[PDB]
(Lines of atoms letter the chains of each structure in order from A and count residues from 1; the text may use other names and numbers.)
(Lines give C-alpha, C1' and ligand atoms only; values in the text may rest on other atoms or scores of the structure.)
Protein backbone atom coordinates (compact mmCIF):
# COMPACT_ATOMS: atom_id res chain seq x y z
CA UNK A 1 0.00 0.00 0.00
CA UNK A 2 1.11 3.63 -0.87
CA UNK A 3 0.93 6.64 1.49
CA UNK A 4 1.06 10.22 0.15
CA UNK A 5 3.41 12.95 1.34
CA UNK A 6 1.45 16.23 0.88
CA UNK A 7 -0.21 17.05 -2.46
CA UNK A 8 1.51 16.71 -5.90
CA UNK A 9 3.19 19.92 -7.26
CA UNK A 10 3.10 20.80 -10.98
CA UNK A 11 6.37 22.28 -12.32
CA UNK A 12 8.25 22.36 -15.66
CA UNK A 13 5.40 20.57 -17.56
CA UNK A 14 5.45 17.71 -15.02
CA UNK A 15 3.40 16.57 -12.05
CA UNK A 16 5.71 15.84 -9.07
CA UNK A 17 4.21 13.59 -6.36
CA UNK A 18 6.05 12.05 -3.34
CA UNK A 19 4.77 8.78 -1.79
CA UNK A 20 6.09 6.26 0.76
CA UNK A 21 5.57 2.57 1.55
CA UNK A 22 7.13 -0.50 3.24
CA UNK A 23 10.85 -1.12 2.37
CA UNK A 24 11.40 -3.13 -0.85
CA UNK A 25 13.68 -5.80 -2.38
CA UNK A 26 15.33 -4.85 -5.67
CA UNK A 27 17.56 -6.33 -8.42
CA UNK A 28 20.54 -5.57 -8.74
CA UNK A 29 21.22 -6.30 -5.06
CA UNK A 30 23.47 -3.89 -3.04
CA UNK A 31 21.86 -0.61 -4.24
CA UNK A 32 18.89 -0.42 -1.84
CA UNK A 33 19.41 -0.31 1.94
CA UNK A 34 18.28 -3.74 3.31
CA UNK A 35 14.50 -3.81 4.05
CA UNK A 36 15.25 -5.21 7.58
CA UNK A 37 17.50 -2.14 8.19
CA UNK A 38 15.06 0.29 6.49
CA UNK A 39 11.94 2.07 7.74
CA UNK A 40 10.31 3.11 4.41
CA UNK A 41 10.69 3.09 0.66
CA UNK A 42 10.41 6.75 -0.45
CA UNK A 43 9.33 7.39 -4.12
CA UNK A 44 9.19 10.36 -6.57
CA UNK A 45 6.35 9.88 -9.10
CA UNK A 46 7.16 12.28 -12.03
CA UNK A 47 4.73 12.28 -14.99
CA UNK A 48 4.12 14.52 -17.97
CA UNK A 49 1.32 17.14 -18.00
CA UNK A 50 -0.55 18.25 -21.20
CA UNK A 51 1.67 20.27 -23.63
CA UNK A 52 4.93 19.02 -21.94
CA UNK A 53 7.78 21.10 -23.45
CA UNK A 54 10.19 18.14 -23.86
CA UNK A 55 7.96 15.91 -26.08
CA UNK A 56 6.43 13.66 -23.45
CA UNK A 57 2.71 12.84 -24.07
CA UNK A 58 0.34 13.36 -21.10
CA UNK A 59 0.71 10.81 -18.24
CA UNK A 60 4.06 9.45 -19.46
CA UNK A 61 6.84 8.82 -16.96
CA UNK A 62 9.73 11.25 -17.34
CA UNK A 63 12.92 9.13 -17.64
CA UNK A 64 16.71 9.66 -17.10
CA UNK A 65 16.27 12.20 -14.27
CA UNK A 66 18.38 12.17 -11.14
CA UNK A 67 16.64 12.88 -7.79
CA UNK A 68 18.45 13.79 -4.54
CA UNK A 69 16.44 13.78 -1.30
CA UNK A 70 16.80 15.57 2.08
CA UNK A 71 14.59 14.40 5.00
CA UNK A 72 14.68 16.47 8.20
CA UNK A 73 12.78 15.60 11.43
CA UNK A 74 10.77 18.65 12.55
CA UNK A 75 12.18 19.79 15.91
CA UNK A 76 14.24 16.57 16.06
CA UNK A 77 17.82 16.50 17.49
CA UNK A 78 19.12 14.61 14.41
CA UNK A 79 21.09 15.31 11.18
CA UNK A 80 19.21 15.39 7.79
CA UNK A 81 18.70 11.98 6.15
CA UNK A 82 20.10 12.47 2.67
CA UNK A 83 20.53 10.20 -0.34
CA UNK A 84 19.98 9.63 -4.08
CA UNK A 85 16.95 7.90 -5.52
CA UNK A 86 17.23 5.29 -8.21
CA UNK A 87 15.21 4.62 -11.35
CA UNK A 88 13.36 1.32 -10.97
CA UNK A 89 10.19 -0.53 -11.95
CA UNK A 90 7.43 -2.07 -9.76
CA UNK A 91 3.80 -3.30 -10.12
CA UNK A 92 2.64 0.43 -10.40
CA UNK A 93 5.29 1.07 -13.13
CA UNK A 94 8.60 2.95 -13.33
CA UNK A 95 9.49 5.48 -10.64
CA UNK A 96 12.48 6.94 -8.68
CA UNK A 97 12.84 5.54 -5.17
CA UNK A 98 15.07 4.61 -2.23
CA UNK A 99 14.96 2.59 1.03
CA UNK A 100 15.38 5.01 3.98
CA UNK A 101 15.87 4.67 7.76
CA UNK A 102 14.01 7.45 9.61
CA UNK A 103 14.49 8.88 13.17
CA UNK A 104 11.20 7.64 14.71
CA UNK A 105 7.60 8.87 14.43
CA UNK A 106 6.92 12.62 14.11
CA UNK A 107 6.63 15.42 11.56
CA UNK A 108 9.22 15.51 8.77
CA UNK A 109 10.31 17.83 5.99
CA UNK A 110 10.99 16.22 2.61
CA UNK A 111 12.92 17.99 -0.12
CA UNK A 112 13.60 16.51 -3.58
CA UNK A 113 16.08 18.03 -6.04
CA UNK A 114 15.19 17.04 -9.60
CA UNK A 115 18.13 17.06 -12.11
CA UNK A 116 17.50 17.04 -15.92
CA UNK A 117 19.20 14.37 -18.15
CA UNK A 118 21.89 16.89 -19.25
CA UNK A 119 22.85 17.96 -15.63
CA UNK A 120 26.54 17.77 -14.56
CA UNK A 121 25.34 15.64 -11.53
CA UNK A 122 23.33 13.18 -13.69
CA UNK A 123 25.28 9.94 -14.42
CA UNK A 124 22.94 9.18 -17.31
CA UNK A 125 23.92 12.45 -19.17
CA UNK A 126 25.67 10.63 -22.12
CA UNK A 127 22.91 8.00 -22.48
CA UNK A 128 19.91 10.28 -23.26
CA UNK A 129 19.46 12.67 -26.16
CA UNK A 130 17.05 15.35 -27.36
CA UNK A 131 16.13 16.28 -31.01
CA UNK A 132 16.88 19.93 -31.75
CA UNK A 133 16.07 20.13 -35.53
CA UNK A 134 12.97 22.20 -36.64
CA UNK A 135 10.72 19.22 -37.60
CA UNK A 136 11.14 16.72 -34.73
CA UNK A 137 12.86 18.94 -32.14
CA UNK A 138 11.69 19.65 -28.60
CA UNK A 139 12.36 22.55 -26.18
CA UNK A 140 15.57 22.61 -24.01
CA UNK A 141 15.64 20.54 -20.77
CA UNK A 142 14.22 22.12 -17.63
CA UNK A 143 16.80 23.64 -15.21
CA UNK A 144 17.51 21.85 -11.84
CA UNK A 145 14.79 22.60 -9.27
CA UNK A 146 13.83 21.70 -5.68
CA UNK A 147 10.40 20.73 -4.27
CA UNK A 148 9.36 20.44 -0.52
CA UNK A 149 6.59 18.75 1.52
CA UNK A 150 5.72 18.13 5.14
CA UNK A 151 4.46 14.74 6.36
CA UNK A 152 3.66 12.91 9.59
CA UNK A 153 5.43 9.56 10.03
CA UNK A 154 3.33 7.31 12.32
CA UNK A 155 5.24 4.07 11.78
CA UNK A 156 4.03 1.59 9.09
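Numbering follows the first chain given and starts at 1.
* To do: Compare the mean C-alpha B-factor of 63-71 with that of 119-127 as given in the PDB entry, and name the stretch with the higher value.
  => Higher of the two, by average CA B-factor, is 119-127.
> Between 41-49 and 104-112, which has the higher average C-alpha B-factor in the PDB entry?
Replying inline: Mean B over CA atoms: larger for 104-112.
Select lowest, middle or highest to describe the third in which the CA B-factor of residue 54 falls within its chain in this entry.
Middle third, going by the recorded CA B-factors of the chain.
Notebook entry, point to check: Taking the entry's C-alpha B-factors for this chain, is residue 17 in the lowest, middle or highest third?
Noted result: Its C-alpha B-factor belongs to the lowest third of this chain's values.
Third assignment of residue 36 from its chain's C-alpha B-factors
Within its chain, residue 36 is a highest-third residue by C-alpha B-factor, going by the deposited values.
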